[PDB]
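In what follows, a structure is listed as structure tokens, so that the remarks can point back to it.
Nothing in this text is a laboratory measurement; each read-out follows from the coordinates by a stated rule. Here the Cβ positions follow ideal geometry from the backbone for every residue, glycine too, while neighbour counts run over all protein chains shown.
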Amino acid sequence: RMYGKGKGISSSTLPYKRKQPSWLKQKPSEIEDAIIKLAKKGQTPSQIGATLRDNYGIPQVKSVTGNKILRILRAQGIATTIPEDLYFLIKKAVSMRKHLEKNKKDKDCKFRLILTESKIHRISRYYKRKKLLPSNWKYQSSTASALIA
Amino acid sequence: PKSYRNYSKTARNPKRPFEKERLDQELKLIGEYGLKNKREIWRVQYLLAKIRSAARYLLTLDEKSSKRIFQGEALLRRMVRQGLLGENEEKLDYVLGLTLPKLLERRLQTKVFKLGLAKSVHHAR
Amino acid sequence: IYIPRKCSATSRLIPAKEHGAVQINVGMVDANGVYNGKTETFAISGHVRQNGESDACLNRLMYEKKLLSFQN
Amino acid sequence: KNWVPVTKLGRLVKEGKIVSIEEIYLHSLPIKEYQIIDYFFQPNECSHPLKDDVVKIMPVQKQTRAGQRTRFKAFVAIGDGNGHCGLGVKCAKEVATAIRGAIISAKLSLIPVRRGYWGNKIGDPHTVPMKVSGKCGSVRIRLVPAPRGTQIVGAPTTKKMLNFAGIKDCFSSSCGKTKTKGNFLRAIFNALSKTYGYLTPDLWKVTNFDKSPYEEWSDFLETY
Amino acid sequence: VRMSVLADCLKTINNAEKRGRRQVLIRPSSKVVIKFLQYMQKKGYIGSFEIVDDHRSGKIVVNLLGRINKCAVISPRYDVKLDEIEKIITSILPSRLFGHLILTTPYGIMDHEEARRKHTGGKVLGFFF
Amino acid sequence: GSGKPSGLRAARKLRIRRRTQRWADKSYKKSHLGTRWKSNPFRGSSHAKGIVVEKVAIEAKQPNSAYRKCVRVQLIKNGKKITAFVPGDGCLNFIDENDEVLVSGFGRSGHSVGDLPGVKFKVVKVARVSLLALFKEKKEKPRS
RNA sequence: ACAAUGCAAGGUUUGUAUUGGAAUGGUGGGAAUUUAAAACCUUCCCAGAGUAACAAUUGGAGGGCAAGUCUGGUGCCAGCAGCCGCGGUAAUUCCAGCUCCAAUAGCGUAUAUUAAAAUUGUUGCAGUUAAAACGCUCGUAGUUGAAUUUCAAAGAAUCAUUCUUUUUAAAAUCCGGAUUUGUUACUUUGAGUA
RNA sequence: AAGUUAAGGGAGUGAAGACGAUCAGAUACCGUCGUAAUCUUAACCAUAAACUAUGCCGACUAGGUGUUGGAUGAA
Ligand SMILES: [Mg+2]
Ligand SMILES: [Mg+2]
Ligand SMILES: [Mg+2]
Ligand SMILES: [Mg+2]
Ligand SMILES: [Mg+2]
Ligand SMILES: [Mg+2]
Ligand SMILES: [Mg+2]
Ligand SMILES: [Mg+2]
Ligand SMILES: [Mg+2]
Ligand SMILES: [Mg+2]
Ligand SMILES: [Mg+2]
Ligand SMILES: [Mg+2]
Ligand SMILES: [Mg+2]
Ligand SMILES: [Mg+2]
Ligand SMILES: [Mg+2]
Ligand SMILES: [Mg+2]
Ligand SMILES: [Mg+2]
Ligand SMILES: [Mg+2]
Ligand SMILES: [Mg+2]
Ligand SMILES: [Mg+2]
Ligand SMILES: [Mg+2]
């Protein structure tokens with residue numbers, strides 16, 4: 001684990017066969033449409049994937065549709081400006097900051113806030129290095145709260 | 001200016017000056033081949049040693065490397081000339097197998113002693 | 001030129017002062033069950049004996065021959 | 001010189017049931033009696049005799065309620081000068097007795113050491129075959145094989161041991177306290193021992209086994 | 001974390017040899033590692049090995065002949081010129097008569113002797129005895 | 001892990017640590033600090049000439065019992081006062097209370113030698129005659 | 001140096017005290033030459049060793065470390081001793097004499113330096129307790145960074161191996177044939193260096 | 001932890017201090033009393049045998065007895 005002393009290995013691990021299984025009836029177009037609908041309804045990539053797995057009969061959008069789900073969202077144009085994980089981190093940070101504002105003496109929270117900030121800065125940096133974030137994007141503790149939306 | 005007439009040490013000293021066995025060996029050598037000091041022995045060791053070093057270096061290179069064939073061959077020839085090897089033992093692995101006796105044999109005094117001329121080594125000298 | 005002995009299991013090859021290491025000798029059968037004259041041989045190094053894998057190694061060796069039949 | 005042999009191997013060796021000490025080494029047998037070793041290396045019959053030396057007689061004190069109580073550890077290296085080296089230790093009250101004990105110990109130890117070659121094989125092996133390294137206590141020594149004309153580059157003690165072993169040409173190292181002579185000696189011995197137990201491309205061959213003295217002559221031992 | 005897969009694999013192999021295993025599961029296969037293994041096989045030290053393809057970094061399992069004394073990586077893959085080789089080999093491997101010092105060389109990976117024969121030295125991966 | 005970095009491009013760290021650490025080596029520090037020239041009577045030299053100021057005794061280290069015969073001398077070079085032990089069975093009297101003595105080290109760089117407490121110097125010539133020669137006596141006699 | 005006897009030891013020969021003829025530099029003087037002129041070098045001719053006075057020293061002999069528990073003197077004094085130590089009336093250590101040992105026309109002492117030093121550690125140190133893991137985490141530079149992209153295949157020589165030849169895709173170029181295809185590190189050949 | 005600064009708080013404990021003993025002496029150990037501190041609030045401090053005296057990430061190697069927290073199966 002990047003920050004704790006946590007060393008767990010709980011993980012999804014996908015099956016050997018990566019051409020979709022026989023029982024999968026859904027044609028790709030339908031699944032794409034479903035994905036789009038889910039996106040519209042406010043769900044994030046991971047969440048969307050989960051929904052697809054559970055509510056509909058489909059293991060992996062990658063086996064049914066050549067593309068992964070983020071890619072298809074992008075194609076359809078409903079991709080977030082601000083990437084999933086990063087966004088989540090930002091939200092968490094914001095929450096922490098609110099708590100701090102409320103409740104000044106919380107040392108552990110402060111420590112954890114610092115850690116989350118650091119992680120954001122890593123993630124943020126990575127995104128900048130690609131082209132998902134713009135280069136003009138620092139993350140600010142003052143702004144942050146407004147950013148998430 | 002200084003002269004350009006360069007000069008060189010012919011003999012290295014021991015290292016460990018009162019090792020018994022070595023000393024005894026040296027003394028034996030002196031006895032046998034009528035030598036004046038340990039210095040003579042040291043000088044001959046040095047002479048031998050350079051050659052040995054060269055041989056070692058050559059062996060580190062492979063056969064039909066130009067250097068090995070040329071320089072090694074030359075060395076071998078020199079050894080032959082000196083009366084260190086002769087007919088049977090001319091292969092560059094053999095020039096390592098030289099010892100001090102081999103070299104001392106070819107000293108003039110020793111030769112003289114061998115080929116009649118004088119009753120002794122000392123006498124020959 | 002004494003060529004030392006190769007542990008038949010692990011091939012480690014075993015020196016003079018090993019002791020420990022053993023040359024176990026297995027006697028053959030001839031149809032009836034009676035002791036045939038011949039003897040099939042395994043040297044076992046000390047290390048394996050110390051470990052306790054020795055028995056396993058022996059079993060494997062037997063399997064490789066025909067002497068016993070289960071492997072593990 | 002006659003002695004009533006106790007052990008089976010010894011008994012066998014009493015008569016000409018064994019060719020060489022090589023055979024006994026091969027089947028990793030525990031030599032108990034020094035008499036066996038003596039029999040294998042006599043001045044008559046045999047070629048190279050066992051030249052010995054008291055490399056160190058260190059005095060060693062126990063400190064009882066009434067003063068000191070000195071014993072003398074003797075170390076001895078014993079050596080064929082060709083293949084077989086041995087290294088014995090004995091702590092005893094008198095010096096001579098200790099020395100005597102140590103020679104016996106050395107004989108018991110006596111190990112075959114593989115001499116090999118540097119570079120390529122010409123007449124008769126001379127150096128160690130490969131870099132072998134023993135440790136005992138702090139002192140760890142790494143004999144490295146050398147070319148022919150080199151002597152044993154190494155400490156006096158190491159030189160002494162190596163001549164006995166029958167290595168002519170080597171390169172010593174020595175990490176650790178070499179002033180502690182006994183340990184150094186032990187390390188050297190260990191290194192020497194390692195020479196057979198190394199497993200070179202030479203020895204990939206799986207040559208079928210020889211029969212041990214105990215099965216080949218079991219019938220002859222039933223008489224006694 | 002991982003850094004040099006190959007090094008780890010070699011360490012594992014060495015450990016297996018020490019124990020006296022027979023089989024051994026080298027856990028992330030790598031082209032380089034495979035090449036190394038092949039080389040080893042060629043010079044007799046290793047038996048068969050069944051590079052098992054997952055759908056990821058593969059696993060190898062490798063069949064051992066009880067024959068390796070040590071095998072190793074020498075990290076910092078030092079560039080090594082053809083003249084510089086000899087000293088390096090002296091430093092490393094136990095005898096001039098045997099052991100192998102494996103270089104990655106612009107003519108694929110090969111041992112020091114091979115390199116010498118060719119003419120090109122290169123970067124030095126590892127070795128065995 | 002080793003402790004040290006063994007990267008291919010690591011050289012800067014490797015050099016730099018060594019450069020800093022060298023200074024922990026006592027001998028190296030002695031060689032390369034500038035206080036050598038400052039804080040040393042001979043000022044980086046084999047010997048020095050000093051006129052004598054006082055013939056003096058120095059009591060030895062506790063186990064041994066002697067009064068070692070020293071000479072407190074003033075270096076002409078440096079204006080430094082130093083005790084220099086004088087060898088010989090009776091070689092204090094071979095020198096005068098004001099004699100141009102030539103004094104060497106004792107054998108241990110600065111570090112003091114043997115029974116003597118803090119006398120780091122060995123007078124080895126008086127009025128240009130060799131102390132050793134005088135001691136032998138068959139060789140020479142002190143000119144004055 | 002050599003040979004005689006005398007003496008010695010060894011399984012007749014080596015070794016070592018009397019003699020005594022051979023050898024020869026050195027040293028002295030002439031030349032020949034050398035050299036700008038001399039001087040040396042070498043060269044020849046006269047001179048010319050037996051205590052071959054034509055005289056070997058230097059530093060050591062407790063250990064480290066080769067060599068004395070030899071003789072007198074000193075008596076925790078003087079002194080020696082790089083270090084450990086020696087000296088308090090047997091000092092194997094001082095001061096001597098004798099004998100021995102080492103290196104020897106050299107041999108000591110000092111200061112510096114290299115090796116010894118894997119005691120600065122790239123190779124190559126150590127960090128529970130010996131000196132040494134920052135109180136802890138984050139963190140920039142720094143160093144380090146999973147796997148993945150043409151794998152392979154066949155023929156001839158040699159003593160399972162070595163060295164060689166041939167083809168297995170795509171694009172541009174040339175009259176179905178034939179021939180170019182990321183950058184740098186790295187490496188190989190060169191070139192050019194007093 | 002002590003310590004510092006400022007507000008409260010102030011029971012017990014209790015550096016200081018005071019006696020009582022103890023002892024040749026006792027400015028200590030034992031006892032009685034007893035400020036500072038201990039407590040909170042808001043700052044400083046930035047150190048401890050801050051000790052697993054074991055830097056962190058990684059791979060491998062060997063069994064058993066457990067134990068905290070989940071998951072899987074079966075009784
Ligand atoms: Mg981290
Ligand atoms: Mg993990
Ligand atoms: Mg001029
Ligand atoms: Mg001695
Ligand atoms: Mg001295
Ligand atoms: Mg006396
Ligand atoms: Mg004396
Ligand atoms: Mg040094
Ligand atoms: Mg070194
Ligand atoms: Mg150290
Ligand atoms: Mg400590
Ligand atoms: Mg820590
Ligand atoms: Mg960084
Ligand atoms: Mg990679
Ligand atoms: Mg506090
Ligand atoms: Mg407080
Ligand atoms: Mg207050
Ligand atoms: Mg109160
Ligand atoms: Mg109270
Ligand atoms: Mg601290
Ligand atoms: Mg600590």
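Here are the numbers for the structure shown:
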quantity	calculated
Chain D: relative contact order in percent, alpha carbon pairs under 8 Å with at least 6 residues between	16 percent
Cα-projected label distance for E:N15 with F:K26, points at 7 Å along beta-carbon direction, nm	4.4 nm
Normalised contact order of the stretch D:113-206, rounded percent, pairs of Cα under 8 Å and 6 or more residues apart	34 percent
Spatial separation of Cα centroids for the stretch E:64-117 and the stretch D:41-92, in angstrom	43 Å
Peptide D:111-124, shielding by other chains (average Cβ, 10 Å cutoff)	4
Candidates per chymotrypsin sites (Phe, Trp or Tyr not before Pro) in the stretch D:1-61, loop by DSSP, up to 13 other Cβ within 10 Å	D:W3
Hits among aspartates and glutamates - C-alpha to C-alpha of E:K31 under 18 Å, sequence gap 8 or more where chains match	E:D8, E:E50, E:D53, E:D54, E:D111
Shape category assigned to the stretch D:32-183 from the gyration tensor of Cα positions, a/c cut at 1.5	oblate
Modelled FRET efficiency - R0 51 Å, D:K205 with B:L47, Cβ distances, 0.05 increments	0.70
Loop-resident sites, the stretch A:46-149, for trypsin sites (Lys or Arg not before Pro), counting at most 15 other Cβ within 10 Å (DSSP)	A:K68, A:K104, A:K105, A:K130, A:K131, A:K138
Above-threshold pairs, the threshold being 28 Å between Cα atoms, out of E:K43/E:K123; A:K128/E:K123; D:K8/D:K62; D:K107/D:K205; F:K30/F:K122; D:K131/D:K177	A:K128/E:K123; D:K8/D:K62; D:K107/D:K205
Under DSSP loop assignment and at most 11 Cβ neighbours within 10 Å, longest chymotrypsin sites (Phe, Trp or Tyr not before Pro)-free interval of chain A	A:24-149
Projected label distance in nm at F:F135 and D:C175, using a 7 Å step from Cα toward the beta-carbon	4.6 nm
Among D:64-71, E:27-34, C:35-42, the order from most to least packed when residues are scored by Cβ within 10 Å on average	E:27-34, C:35-42, D:64-71
Chain C - percent relative contact order, Cα under 8 Å, separation 6 or more	26 percent
Three-way shape label, chain B, alpha-carbon gyration tensor, a/c 1.5	prolate
Degrees, to the nearest 10: B:20-33 long Cα axis against longest axis of chain B	80 degrees
Value of Rg/Rh across the protein assembly as shown [Cα atoms, Kirkwood radius]	1.09
Directionally averaged shadow of the stretch A:62-131, computed from the convex hull of its alpha-carbon atoms, nm²	6.3 nm²
Nearest 10 degrees, 0 to 90: helix A:28-40 Cα axis against chain A principal axis	30 degrees
Rounded to 10°, Cα long-axis angle of helix C:54-64 versus longest principal axis of chain C	50 degrees
Label-point gap, in nm, between A:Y56 and B:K9 - each point 7 angstrom along Cα→Cβ	8.9 nm
Shape call, chain C: gyration tensor on alpha carbons, a/c limit 1.5	oblate
Pairwise FRET efficiency - F:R15 versus D:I57, Cβ, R0 = 60 Å, nearest 0.05	0.75
